[PDB]
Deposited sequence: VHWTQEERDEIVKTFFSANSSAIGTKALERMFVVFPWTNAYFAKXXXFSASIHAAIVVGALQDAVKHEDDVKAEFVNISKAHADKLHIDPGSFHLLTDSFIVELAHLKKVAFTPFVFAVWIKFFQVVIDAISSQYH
């Protein structure tokens, strides 16, 4: 994946100053209401606690925009091999995040900035999906 400077800056500045855990908390909560079947993994609990986990990993992808795949090996195995998360459900989480970034950013969330976030998340989805075999 190649990145423009505006893509790097848009992602990096957002993680630097936005309340990303609060975003993650709302995104998770949203994903449960909009896509209820996704709550199945959490019967097995605080949304806020879980967002803190996800957000740490996103920040890990942020710090390494060019090597995300390589940093997600152990994360991905855990999701495939131990936790039994359907990888087809990963984008339901990231799409909810995008809805929460829209809510924060309002008219600054242009279609163009929107596409930066979609690109970011697909790199993340590919990275966390890579060890499903």
Expected output for missing-CA ranges on the deposited sequence is 45-47
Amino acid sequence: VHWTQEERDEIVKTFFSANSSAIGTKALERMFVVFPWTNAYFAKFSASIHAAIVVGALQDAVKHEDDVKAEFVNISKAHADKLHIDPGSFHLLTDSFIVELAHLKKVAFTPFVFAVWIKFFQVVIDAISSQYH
From here on, numbers count along this sequence of modelled residues.
Segment of higher mean CA temperature factor, 56-64 or 26-34:
56-64
Highest mean C-alpha temperature factor of the two stretches 75-83 and 97-105, which is it?
75-83
Using the temperature factors of the C-alpha atoms in this entry, rank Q5 within its chain: lowest, middle or highest third.
lowest
